[PDB]
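Chemist: Have a look at this one.
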Amino acid sequence: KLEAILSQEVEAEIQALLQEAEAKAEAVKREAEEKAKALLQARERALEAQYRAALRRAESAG
Amino acid sequence: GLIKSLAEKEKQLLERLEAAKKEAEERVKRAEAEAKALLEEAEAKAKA
């Protein structure tokens, strides 16, 4: 039959789509974690700068 | 044959694509929501 052909045609597209769309929902979850990570790394860098500078200022004053 | 077999099957083959587009979008939206809220927490924290 012609109908036994057709059911294999949907079940084929509808797995490719759902693997593509779990390869976007994975990729985003990665890039966002590495984003979140880097936005606290940069937060680390700032704190040092502002404390190293500050201690020198208060020393020179005294 | 008879065209009523494949006529009323086509309108199920059509549903098999349709439910596919749904669960593609509705999954990638959640991840974007999880990213948005994650990078907001990373501000709330950084500023605190």
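A note on labels: chains of the structure tokens are A, B, ... as shown, every chain counts residues from 1, and ligands are counted from 1 in their shown order.
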Can you pull out the residues contacting residue 6 in chain A? Cut-off 12 Å, using only C-alpha atoms, and skip same-chain residues under 3 positions away; I want them as a PyMOL selection string.

Modeler: (chain A and resi 1-3+9-13) or (chain B and resi 6+9-10+12-14+16)

Chemist: Given only C-alpha atoms, how would the per-residue table for chain B near chain A read, listing every residue at most 7 Å away with its closest atom pair and distance in Å to one decimal, sorted by chain and number, as CSV?

Modeler:
```
residue,atom,partner,partner_atom,distance
B:13,CA,A:10,CA,6.5
B:16,CA,A:10,CA,6.5
B:17,CA,A:14,CA,6.4
B:20,CA,A:14,CA,5.7
B:24,CA,A:21,CA,5.3
B:27,CA,A:25,CA,6.7
B:28,CA,A:25,CA,5.0
B:31,CA,A:25,CA,5.4
B:32,CA,A:28,CA,6.9
B:35,CA,A:32,CA,5.4
B:38,CA,A:36,CA,6.8
B:39,CA,A:36,CA,5.5
B:42,CA,A:36,CA,5.9
B:46,CA,A:43,CA,6.3
```

Chemist: Those residues with C-alpha atoms, as a CSV table (one decimal), in the first residue's frame please?

Modeler:
```csv
chain,number,residue,atom,x,y,z
B,13,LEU,CA,-0.4,13.4,8.8
B,16,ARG,CA,1.7,14.9,13.1
B,17,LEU,CA,3.6,17.9,11.7
B,20,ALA,CA,5.9,18.8,16.2
B,24,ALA,CA,9.8,22.6,19.3
B,27,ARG,CA,10.8,23.9,24.6
B,28,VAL,CA,13.1,26.6,23.2
B,31,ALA,CA,15.4,27.7,27.9
B,32,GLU,CA,15.3,31.4,26.9
B,35,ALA,CA,18.6,32.2,30.5
B,38,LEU,CA,19.7,33.5,35.2
B,39,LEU,CA,21.4,36.6,33.9
B,42,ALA,CA,23.6,37.5,38.0
B,46,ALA,CA,26.6,41.3,41.4
```

Chemist: Please report the interatomic distance between CA of residue 23 in chain B and CA of residue 4 in chain A in Å with one decimal.

Modeler: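 Distance reported for this atom pair: 25.3 Å.
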
Chemist: Quote the spacing between CA of residue 59 in chain A and CA of residue 47 in chain B in Å to one decimal place.

Modeler: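 Straight-line distance from CA of residue 59 in chain A to CA of residue 47 in chain B works out to 27.1 Å.
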